[PDB]
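**Student:** Take this structure first; my questions come after.
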Amino acid sequence: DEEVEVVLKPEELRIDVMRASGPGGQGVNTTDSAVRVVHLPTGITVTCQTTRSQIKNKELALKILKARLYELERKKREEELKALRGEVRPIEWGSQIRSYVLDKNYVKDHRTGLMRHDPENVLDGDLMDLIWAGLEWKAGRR
Amino acid sequence: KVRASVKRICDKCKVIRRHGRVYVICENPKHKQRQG
Amino acid sequence: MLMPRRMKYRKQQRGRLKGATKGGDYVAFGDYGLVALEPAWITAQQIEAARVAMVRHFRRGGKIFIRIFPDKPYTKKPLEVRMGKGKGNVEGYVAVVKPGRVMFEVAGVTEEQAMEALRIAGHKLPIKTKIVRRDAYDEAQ
Amino acid sequence: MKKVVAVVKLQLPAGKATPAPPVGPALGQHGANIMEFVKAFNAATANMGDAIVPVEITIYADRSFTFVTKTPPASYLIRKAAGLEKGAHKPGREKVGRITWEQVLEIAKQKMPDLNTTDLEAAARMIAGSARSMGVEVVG
Amino acid sequence: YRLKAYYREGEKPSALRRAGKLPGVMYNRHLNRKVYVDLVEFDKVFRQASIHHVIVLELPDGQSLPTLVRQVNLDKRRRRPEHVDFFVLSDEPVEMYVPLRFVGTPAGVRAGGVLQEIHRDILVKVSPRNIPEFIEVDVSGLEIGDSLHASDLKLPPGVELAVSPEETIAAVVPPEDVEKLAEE
RNA sequence: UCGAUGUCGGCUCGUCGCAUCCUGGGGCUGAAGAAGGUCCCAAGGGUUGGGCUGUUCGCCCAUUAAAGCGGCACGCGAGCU
RNA sequence: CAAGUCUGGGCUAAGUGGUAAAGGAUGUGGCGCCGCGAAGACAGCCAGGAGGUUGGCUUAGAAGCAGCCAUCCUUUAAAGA
Ligand SMILES: [Mg+2]
Ligand SMILES: [Mg+2]
Ligand SMILES: [Mg+2]
Ligand SMILES: [Mg+2]
Ligand SMILES: [Mg+2]
Ligand SMILES: [Mg+2]
Ligand SMILES: [Mg+2]
Ligand SMILES: [Mg+2]
Ligand SMILES: [Mg+2]
Ligand SMILES: [Mg+2]
Ligand SMILES: [Mg+2]
Ligand SMILES: [Mg+2]
Ligand SMILES: [Mg+2]
Ligand SMILES: [Mg+2]
Ligand SMILES: [Zn+2]
């Protein structure tokens, strides 16, 4: 995936207009200033009372709901992708897939069990064969 | 069923006019319509 | 969208609509046309919607001719604002259409697809339409 | 084509045919068997040669049938005259084949029975419509 | 074709046209009379005819005259004709746009394409006895892109036109593929 | 209306509208039954008790056949707070 | 509520009259020009209602009836790729 678009059409939103709270005058009592944008398919509800108007407060509550969504709709593209990679990454002593040793001169594929003797040659790009075998050992257990 | 623009759907649809209102009789129910 | 690439002035007076189309009363292009029966301002969003509606209907087929162009800007003040303090900002553009104007034309399409087509295009216009053929509309000279 | 209320007309392969891939089970759904049309059937397919064999079936509900063999479909017999195997993803004016005038009368010695006309010219102008279906040119 | 015509005294234009008579005028380089020719037959005729085939104009004088219509002013709102100009003739060679048929099937109607018969009625200078009809053209060779035009056609002996010759008479253009959408 | 028309919410008392939340009829259904959905006719009568907040509006606890949306100077302070 | 339940010809069946739009419908009444009508189907009523051929391609499958392309020819009273 590559695009970045979250156009929340007001199709799943339940906006409420409650009477403003706090200071003001006759107008805060009698004008339905406060607004509550409710995201129905999720459960999240944002409110605004900063200004004295309803059309500037539901729009300011969407400039906030879009923000908190732009972090909780990307947090899932980071949590659906942190278990989608796999598991082999300890880097510790004992988690190796292939061993390259130029001392006695050989390459050991710990998956298939093969022992190639050209290490300085594998370090040039000749990988077709151990990729041939890694695509048989890997997709052979499923 | 009850809508503002009532027309004939399939070939077998017939345009009846009962009780002052425009209706639509047909073989299968889903095609019944009554203007109103 | 479907606005004009450039304009000498950004905002312009609303004006009015005295009947008669002045020009555009004959076909001169395709085989079937859609003629406007009531006067109105057609927004580019309608022109667009109507066009797509035709291509969608008879997908991969004849050619469509759009005889009008939205060159008049439409102004609209913001919400909760009082009157005055200068003219609003342009929200889009509209083409002025009067009774008798041939808005669309179609060619290289069966008379069935053509009718059905234009009948759908008229369902997107804020007014009433009429579909025509071609015959006396030959003002070549 | 025969009678109705229990029949099926298919165009079997050539050489082997017993499983289910081609139409093998479709006839069992409408009533059929495995021991009646496999080995005690390929007596004709071993003779007709290869490719496709438009032999059909007629159910009676007792393992009986009117196994009326037919002549290879005009879709295949044309791949022989021109050469191509498929025909064209979409016919029209462009096609990867060619078929001269008398090329269409070479198959006239193949398809002759139940076509409708005994003659060669009152039955070739039929396949000329089939030369605008798969595509195959008519060198002229 | 034929058609009855009457003499107009010049009285109540807008009235004589509602009562059924259609106003008009017949003229040439000599005389010019005002007349009224009922909508009924006029319509019927004018639609079959046009401004190509000659017409008769039997007045109360019998005087049947050969003529061609030059100008027909419509009514804008709600189609209807308001006037018609009759060009009298004789043996004088003059112009007139002659119908155009385009027998053929361009190669631009196999993979998407439609014929835009731009000027399907070319104007040509020629005398009365020399007034043809369906001046067909070939279309069986018009490829998708590049397309014929101008006066590069078959002008029967006597067709001394008046074009350029460049005026694109017809063209083959692509279809209207659903594949569109955009923005930005 | 500024030589005065007391302005939120709660309490009391209600009454009216239907574009109906129940209950009553009914047409479809991707209605097997049961239970659902949508739409039409129909208010006659019902529409609960708490936690939080001045709250209206809301979230929540436990129920319910349902816990309807609105008008009445967002009813009602010469009735109360 | 003063003065014609006046005279002659029409139109409407909704209480329209006695509020409203896009848009729907064999509501009525009067005009048009086109079909096709003893090669007497206008509707019911009797039988037909075909073959190459399942057109190709695409497809688990695409047999006229998912879709794209071409869209002719033959037998007859007729029957479409
Ligand atoms: Mg002009
Ligand atoms: Mg006072
Ligand atoms: Mg007072
Ligand atoms: Mg129900
Ligand atoms: Mg049930
Ligand atoms: Mg109701
Ligand atoms: Mg407590
Ligand atoms: Mg109440
Ligand atoms: Mg209020
Ligand atoms: Mg009081
Ligand atoms: Mg008090
Ligand atoms: Mg007191
Ligand atoms: Mg009296
Ligand atoms: Mg009334
Ligand atoms: Zn129906």
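By order of appearance in the structure tokens: chains A, B, ..., then residues from 1 within every chain, and ligands from 1 in the order shown.
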Find the residues near residue 48 of chain D: any atom within 12 Å, counting only C-alpha atoms (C1' of nucleotides), skip ones fewer than 6 places away on the same chain, and give them as a count of residues only.
**Tutor:** 12
**Student:** I need the strand (DSSP E or B) residues of chain B per DSSP on the backbone, written as a JSON list (two decimals) with N, CA, C and O atoms, in the first residue's frame.
**Tutor:**
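File written: result.json
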```json
[["chain", "number", "residue", "atom", "x", "y", "z"],
["B", 14, "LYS", "N", -48.24, -4.47, -15.49],
["B", 14, "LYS", "CA", -49.45, -3.80, -15.97],
["B", 14, "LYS", "C", -49.74, -2.59, -15.08],
["B", 14, "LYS", "O", -49.56, -2.66, -13.86],
["B", 15, "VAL", "N", -50.20, -1.50, -15.68],
["B", 15, "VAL", "CA", -50.49, -0.26, -14.96],
["B", 15, "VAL", "C", -51.98, -0.16, -14.66],
["B", 15, "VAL", "O", -52.78, 0.21, -15.52],
["B", 16, "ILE", "N", -52.36, -0.52, -13.42],
["B", 16, "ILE", "CA", -53.74, -0.45, -12.96],
["B", 16, "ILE", "C", -53.94, 0.90, -12.27],
["B", 16, "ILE", "O", -52.98, 1.57, -11.89],
["B", 17, "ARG", "N", -55.20, 1.33, -12.13],
["B", 17, "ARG", "CA", -55.55, 2.60, -11.48],
["B", 17, "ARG", "C", -56.81, 2.34, -10.65],
["B", 17, "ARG", "O", -57.93, 2.47, -11.15],
["B", 18, "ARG", "N", -56.61, 1.94, -9.39],
["B", 18, "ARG", "CA", -57.71, 1.65, -8.48],
["B", 18, "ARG", "C", -57.72, 2.62, -7.31],
["B", 18, "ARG", "O", -56.67, 3.05, -6.83],
["B", 21, "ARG", "N", -55.84, 6.13, -6.96],
["B", 21, "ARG", "CA", -54.39, 6.00, -6.90],
["B", 21, "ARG", "C", -53.88, 5.11, -8.02],
["B", 21, "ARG", "O", -54.55, 4.17, -8.46],
["B", 22, "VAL", "N", -52.66, 5.41, -8.47],
["B", 22, "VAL", "CA", -52.01, 4.64, -9.53],
["B", 22, "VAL", "C", -51.25, 3.48, -8.90],
["B", 22, "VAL", "O", -50.33, 3.69, -8.10],
["B", 23, "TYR", "N", -51.64, 2.25, -9.26],
["B", 23, "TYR", "CA", -51.04, 1.01, -8.78],
["B", 23, "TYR", "C", -50.33, 0.28, -9.91],
["B", 23, "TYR", "O", -50.41, 0.68, -11.08],
["B", 24, "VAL", "N", -49.64, -0.81, -9.56],
["B", 24, "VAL", "CA", -48.95, -1.67, -10.53],
["B", 24, "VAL", "C", -49.10, -3.14, -10.12],
["B", 24, "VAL", "O", -48.56, -3.55, -9.09],
["B", 25, "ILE", "N", -49.82, -3.93, -10.92],
["B", 25, "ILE", "CA", -50.00, -5.35, -10.66],
["B", 25, "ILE", "C", -48.98, -6.11, -11.51],
["B", 25, "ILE", "O", -48.61, -5.67, -12.60],
["B", 33, "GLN", "N", -46.44, -1.93, -6.94],
["B", 33, "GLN", "CA", -46.20, -0.53, -6.65],
["B", 33, "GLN", "C", -47.54, 0.18, -6.54],
["B", 33, "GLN", "O", -48.51, -0.16, -7.23],
["B", 34, "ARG", "N", -47.58, 1.18, -5.67],
["B", 34, "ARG", "CA", -48.76, 2.02, -5.50],
["B", 34, "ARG", "C", -48.27, 3.45, -5.36],
["B", 34, "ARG", "O", -47.60, 3.79, -4.38]]
```
**Student:** Taking 3 positions as the minimum chain separation for residues in the same chain, which residues sit within 12 Å of residue 69 of chain F when counting only C-alpha atoms (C1' of nucleotides)? Answer as a PDB file with N, CA and C atoms (P, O5', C5', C4', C3', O3' and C1' of nucleotides), in the first residue's frame.
**Tutor:**
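Output saved as selection-v9.pdb:
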```pdb
ATOM      1  P     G F  17     -53.739  16.611  18.038  1.00  0.00           P
ATOM      2  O5'   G F  17     -52.314  16.723  17.326  1.00  0.00           O
ATOM      3  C5'   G F  17     -52.069  17.712  16.335  1.00  0.00           C
ATOM      4  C4'   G F  17     -50.718  17.541  15.681  1.00  0.00           C
ATOM      5  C3'   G F  17     -50.403  16.179  15.085  1.00  0.00           C
ATOM      6  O3'   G F  17     -50.952  16.047  13.786  1.00  0.00           O
ATOM      7  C1'   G F  17     -48.517  17.032  16.279  1.00  0.00           C
ATOM      8  P     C F  18     -51.305  14.606  13.176  1.00  0.00           P
ATOM      9  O5'   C F  18     -49.884  13.923  12.971  1.00  0.00           O
ATOM     10  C5'   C F  18     -48.953  14.425  12.015  1.00  0.00           C
ATOM     11  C4'   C F  18     -47.704  13.581  11.985  1.00  0.00           C
ATOM     12  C3'   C F  18     -47.949  12.096  11.706  1.00  0.00           C
ATOM     13  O3'   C F  18     -46.967  11.566  10.819  1.00  0.00           O
ATOM     14  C1'   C F  18     -46.813  12.363  13.782  1.00  0.00           C
ATOM     15  P     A F  19     -47.454  10.724   9.538  1.00  0.00           P
ATOM     16  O5'   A F  19     -46.100  10.233   8.866  1.00  0.00           O
ATOM     17  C5'   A F  19     -45.057  11.156   8.600  1.00  0.00           C
ATOM     18  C4'   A F  19     -43.731  10.661   9.121  1.00  0.00           C
ATOM     19  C3'   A F  19     -43.726  10.300  10.599  1.00  0.00           C
ATOM     20  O3'   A F  19     -42.764   9.281  10.860  1.00  0.00           O
ATOM     21  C1'   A F  19     -42.455  12.303  10.211  1.00  0.00           C
ATOM     22  P     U F  20     -43.259   7.780  11.154  1.00  0.00           P
ATOM     23  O5'   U F  20     -43.684   7.798  12.689  1.00  0.00           O
ATOM     24  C5'   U F  20     -42.783   8.253  13.693  1.00  0.00           C
ATOM     25  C4'   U F  20     -42.776   7.353  14.906  1.00  0.00           C
ATOM     26  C3'   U F  20     -42.461   5.879  14.641  1.00  0.00           C
ATOM     27  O3'   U F  20     -41.685   5.366  15.719  1.00  0.00           O
ATOM     28  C1'   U F  20     -44.557   6.066  15.715  1.00  0.00           C
ATOM     29  P     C F  21     -40.134   5.007  15.502  1.00  0.00           P
ATOM     30  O5'   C F  21     -39.816   3.975  16.669  1.00  0.00           O
ATOM     31  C5'   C F  21     -38.681   4.128  17.509  1.00  0.00           C
ATOM     32  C4'   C F  21     -38.883   3.386  18.803  1.00  0.00           C
ATOM     33  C3'   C F  21     -39.951   2.304  18.756  1.00  0.00           C
ATOM     34  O3'   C F  21     -39.444   1.080  18.258  1.00  0.00           O
ATOM     35  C1'   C F  21     -40.307   3.685  20.640  1.00  0.00           C
TER      36        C F  21
END
```
**Student:** Residues within 9 Å of ligand 15 should be enumerated using only C-alpha atoms (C1' of nucleotides) and all ligand atoms and returned as a PyMOL selection string.
**Tutor:** chain B and resi 8-14+24-32
**Student:** Using N, CA, C and O atoms, can you write the selected residues to a file as an mmCIF file, in the first residue's frame?
**Tutor:**
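Printed below is again-v5.cif as written:
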```
data_model
loop_
_atom_site.group_PDB
_atom_site.id
_atom_site.type_symbol
_atom_site.label_atom_id
_atom_site.label_comp_id
_atom_site.auth_asym_id
_atom_site.auth_seq_id
_atom_site.Cartn_x
_atom_site.Cartn_y
_atom_site.Cartn_z
ATOM 1 N N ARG B 8 -43.342 0.789 -15.204
ATOM 2 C CA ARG B 8 -43.397 -0.638 -15.485
ATOM 3 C C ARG B 8 -41.974 -1.192 -15.397
ATOM 4 O O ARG B 8 -41.058 -0.655 -16.024
ATOM 5 N N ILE B 9 -41.784 -2.263 -14.630
ATOM 6 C CA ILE B 9 -40.445 -2.831 -14.484
ATOM 7 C C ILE B 9 -40.144 -3.877 -15.553
ATOM 8 O O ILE B 9 -39.327 -3.639 -16.452
ATOM 9 N N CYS B 10 -40.799 -5.029 -15.480
ATOM 10 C CA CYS B 10 -40.585 -6.087 -16.453
ATOM 11 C C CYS B 10 -41.670 -6.044 -17.532
ATOM 12 O O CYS B 10 -42.577 -5.210 -17.518
ATOM 13 N N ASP B 11 -41.548 -6.965 -18.491
ATOM 14 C CA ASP B 11 -42.501 -7.061 -19.596
ATOM 15 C C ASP B 11 -43.927 -7.323 -19.115
ATOM 16 O O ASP B 11 -44.880 -6.720 -19.621
ATOM 17 N N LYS B 12 -44.092 -8.214 -18.137
ATOM 18 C CA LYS B 12 -45.395 -8.605 -17.600
ATOM 19 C C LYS B 12 -46.083 -7.538 -16.739
ATOM 20 O O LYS B 12 -47.263 -7.710 -16.417
ATOM 21 N N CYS B 13 -45.392 -6.467 -16.346
ATOM 22 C CA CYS B 13 -45.998 -5.413 -15.529
ATOM 23 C C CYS B 13 -47.148 -4.688 -16.235
ATOM 24 O O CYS B 13 -47.068 -4.360 -17.422
ATOM 25 N N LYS B 14 -48.240 -4.465 -15.491
ATOM 26 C CA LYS B 14 -49.449 -3.798 -15.973
ATOM 27 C C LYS B 14 -49.736 -2.593 -15.080
ATOM 28 O O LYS B 14 -49.558 -2.660 -13.859
ATOM 29 N N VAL B 24 -49.641 -0.809 -9.565
ATOM 30 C CA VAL B 24 -48.955 -1.675 -10.532
ATOM 31 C C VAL B 24 -49.095 -3.140 -10.125
ATOM 32 O O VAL B 24 -48.556 -3.551 -9.090
ATOM 33 N N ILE B 25 -49.821 -3.927 -10.923
ATOM 34 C CA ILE B 25 -50.005 -5.353 -10.661
ATOM 35 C C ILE B 25 -48.981 -6.107 -11.507
ATOM 36 O O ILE B 25 -48.612 -5.667 -12.602
ATOM 37 N N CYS B 26 -48.520 -7.256 -11.007
ATOM 38 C CA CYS B 26 -47.527 -8.057 -11.717
ATOM 39 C C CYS B 26 -47.465 -9.451 -11.103
ATOM 40 O O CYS B 26 -47.967 -9.692 -10.002
ATOM 41 N N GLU B 27 -46.838 -10.369 -11.849
ATOM 42 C CA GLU B 27 -46.683 -11.753 -11.405
ATOM 43 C C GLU B 27 -45.946 -11.845 -10.074
ATOM 44 O O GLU B 27 -46.509 -12.285 -9.065
ATOM 45 N N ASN B 28 -44.682 -11.426 -10.054
ATOM 46 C CA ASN B 28 -43.909 -11.509 -8.823
ATOM 47 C C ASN B 28 -44.220 -10.316 -7.919
ATOM 48 O O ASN B 28 -44.354 -9.186 -8.397
ATOM 49 N N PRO B 29 -44.349 -10.559 -6.611
ATOM 50 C CA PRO B 29 -44.677 -9.470 -5.670
ATOM 51 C C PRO B 29 -43.739 -8.273 -5.708
ATOM 52 O O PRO B 29 -44.221 -7.137 -5.821
ATOM 53 N N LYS B 30 -42.426 -8.484 -5.574
ATOM 54 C CA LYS B 30 -41.434 -7.407 -5.563
ATOM 55 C C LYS B 30 -41.732 -6.283 -6.554
ATOM 56 O O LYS B 30 -41.249 -5.159 -6.375
ATOM 57 N N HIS B 31 -42.504 -6.568 -7.607
ATOM 58 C CA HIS B 31 -42.827 -5.539 -8.584
ATOM 59 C C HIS B 31 -44.069 -4.719 -8.227
ATOM 60 O O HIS B 31 -44.339 -3.726 -8.910
ATOM 61 N N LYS B 32 -44.845 -5.100 -7.204
ATOM 62 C CA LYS B 32 -46.024 -4.302 -6.860
ATOM 63 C C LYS B 32 -45.642 -2.883 -6.460
ATOM 64 O O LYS B 32 -44.646 -2.651 -5.769
#
```
**Student:** Neighbours of ligand 7 within 12 Å, counting only C-alpha atoms (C1' of nucleotides) and all ligand atoms, as a ChimeraX atom specification?
**Tutor:** /F:50-52
